[PDB]
Each structure stands twice: as C-alpha cells, then as structure tokens.
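*Asks:* Experimental coordinates for this protein are included below, preceded by the sequence.
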There are 10 protein chains.
Amino acid sequence: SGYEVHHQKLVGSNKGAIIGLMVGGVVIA
Amino acid sequence: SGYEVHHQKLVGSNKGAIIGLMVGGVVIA
Amino acid sequence: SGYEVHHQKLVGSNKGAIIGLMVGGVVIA
Amino acid sequence: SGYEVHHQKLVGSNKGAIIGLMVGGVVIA
Amino acid sequence: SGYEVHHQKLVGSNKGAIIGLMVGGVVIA
Amino acid sequence: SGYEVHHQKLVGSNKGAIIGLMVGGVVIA
Amino acid sequence: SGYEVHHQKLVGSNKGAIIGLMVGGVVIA
Amino acid sequence: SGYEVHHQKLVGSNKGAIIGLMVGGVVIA
Amino acid sequence: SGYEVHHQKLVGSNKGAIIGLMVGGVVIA
Amino acid sequence: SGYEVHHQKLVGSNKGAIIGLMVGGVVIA
C-alpha cells in the first residue's frame, strides 16, 4: 500500500498540465 | 506507505505546467 | 512514508513551469 | 518522513520557471 | 525529517528562474 | 476591393497563433 | 487593391506567434 | 497595391515570436 | 507598391523574437 | 518599391532578439 508512478515516456508539445501524481490542489488546464 | 514518482522521460516543447508530485497548491496552466 | 521524485530526464525548450515536488503555493504557467 | 528530489537531468533552452522542490510562495512563469 | 534537492545536472541556455528549493517569496520568471 | 483588418482588441494569455491577415503559408497552432 | 492591418491593441502574456500580416512562410507556434 | 501594418500597441510579457509583416522564411515560436 | 511597418508601440518584457518586417531567413524564438 | 520600418517605440527589458528589418540570416533568440 502506497501511491507510485513510474517508467512513462512523453514526446512532443505541451500547452496544458502534465502531472505525475496528484494528492490535492487545483489544475486549470 | 508513501508517495513517489520515478524514471520518466520528457522530450520537446513545454508552454504549460509539468509537475512530478503535487501535494497541494494551485496550477493555472 | 515520505514524498520523493527521482531519475527523470527532460530535453528541449521550456516557457512554462517545471516542478519536481510541490507541497503548496501557486503556479501561473 | 521528509521531502526530496534527486538525480534528474535537464537539457536545452529555459524561459520559464524550473523548481526542484516548492514548499510555499508564488511562481509567475 | 527535512527538505533536500541533490545530484541534478542542467545544460544549455537560461532566461527564466532556476531554483533548487523554494520555502517562500515570489518568482516572476 | 482589397483585404483589410482593423480596430480589434485582444487581452490575456497567448500560447497559439494570432494572425491579423493570412494570404498564404502554414500555421501549426 | 492591397493588403493592410491597423489600429489593433494586444495586452498580457505571449508564448506563441503574433503576426500582423503573413504573405508566405511557416509558423510553428 | 502594396502591403502595410500600422498603429498597433502591444503591452506585457513576450516569450514567442511577434512579427509586423512576414513575406517569407520560417518562425519556430 | 512596396512593404512597410510603422507607428507601433511595445512595452514590458521580451525573451523571444520581435521583428518589424521579415523578407526571409529563420527565427528560433 | 522597397522595404522600410519607422516610428516605433520599445520600452522595458530585452533578453531575446529585436530586429527592425530582416532580409536573410538566422536568429536564435
């Protein structure tokens, strides 16, 4: 038991939000 | 128990928000 | 128990916010 | 228990905010 | 218990803000 | 007869293409 | 006959392409 | 007959391309 | 017959490319 | 017949490229 995020690959253009793990807070994309 | 984020690869152009781990706060992309 | 972020690689152009770990505060990308 | 950020590599052009760990404050990218 | 940021490498051109650890204040990139 | 574009006002954040008049060429937004 | 662009006002943050008149060429936003 | 661009006002932060008139070439924003 | 760009006003901050008239070449913002 | 750029005013902080007229070459901002 726990939370984890691993081994991913992203390529190209970002203009929004990219987030690995979110435990709280607010994201206006 | 815990939170972690590892071994990821990102390539190219960013104009937004990229975040590994978010525990609180606000992100206007 | 804890929070951690490791071994990631980023390549190219940034004009936004890149953040390893966020525990609070505000990010206007 | 604690917060940490390690072993990451960044390459290329920055015009925004790059932050290892954020515990508070404000970031206008 | 504590906060730390280590073993990262950054290469290329900066015109914004690069910050290891932020505990308060304001960053206009 | 002719082409013209006038008296417009834009306010806020741009991350795409804003073009007054386009007679040819290519725009990847 | 002709092409023209006038009297416009833009305010705030730009991270993309802003172009008055485009007669040819390529724009990667 | 001709091409012209006049009387515009721009205010704030630029991190992209701002161009009055473009007759050819390439713009990577 | 011709190309011209006049009477414009820019205020604030720049980290990209600002160009009055472009007849050729390449811009990497 | 010709190309010209006149009567503009620029105020504030520059860290990129400001160009009146470009007839060729390359601009890495």
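*Replies:* Now that the structure is in, tell me what you want to look at. Numbers count the residues shown, from 1 in each chain, chains lettered A, B, ... in the order given.
*Asks:* If you check chain A against chain F, which residue is the closest one?
*Replies:* Distances between chain A and chain F by Cβ to the nearest Cβ are smallest at residue A:15, namely 4.8 Å. (Each C-beta comes from the backbone N, C-alpha and C, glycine too.)
*Asks:* Contact partners for that residue?
*Replies:* B:15-16, B:29, F:15-16 (Cβ atoms under 8 Å, 6 or more residues apart in numbering or on different chains).
*Asks:* ok and the residue in chain A nearest chain H?
*Replies:* For chain A, Cβ to the nearest Cβ, closest residue to chain H: residue A:13, 10.6 Å.
*Asks:* Any idea how far apart the tips of stretch A:21-29 sit?
*Replies:* Chord length of stretch A:21-29, first to last residue, is 16 Å (Cα to Cα, to the nearest Å).
*Asks:* brain fart, stretch A:13-25
*Replies:* Start-to-end, stretch A:13-25 (Cα to Cα) is 24 Å.
*Asks:* Can you list the buried residues in that stretch?
*Replies:* Of the residues in stretch A:13-25, A:13-22, A:25 count as buried by neighbour count, 16 or more other Cβ atoms under 10 Å in any protein chain shown.
*Asks:* Show me how far it is from its chain's centre.
*Replies:* 4 Å (Cα atoms, centre = their mean, to the nearest Å).
*Asks:* now stretch A:5-16
*Replies:* Worked out by Cα atoms, centre = their mean, stretch A:5-16 lies 8 Å from the chain centre.
*Asks:* same check, this time on stretch A:17-29
*Replies:* 6 Å.
*Asks:* Determine if any part of that stretch is in contact with chain B.
*Replies:* Yes: interface with chain B: stretch A:17-29 contributes A:17-29 (Cβ under 8 Å from any Cβ of the partner chain).
*Asks:* Done for today, thanks.
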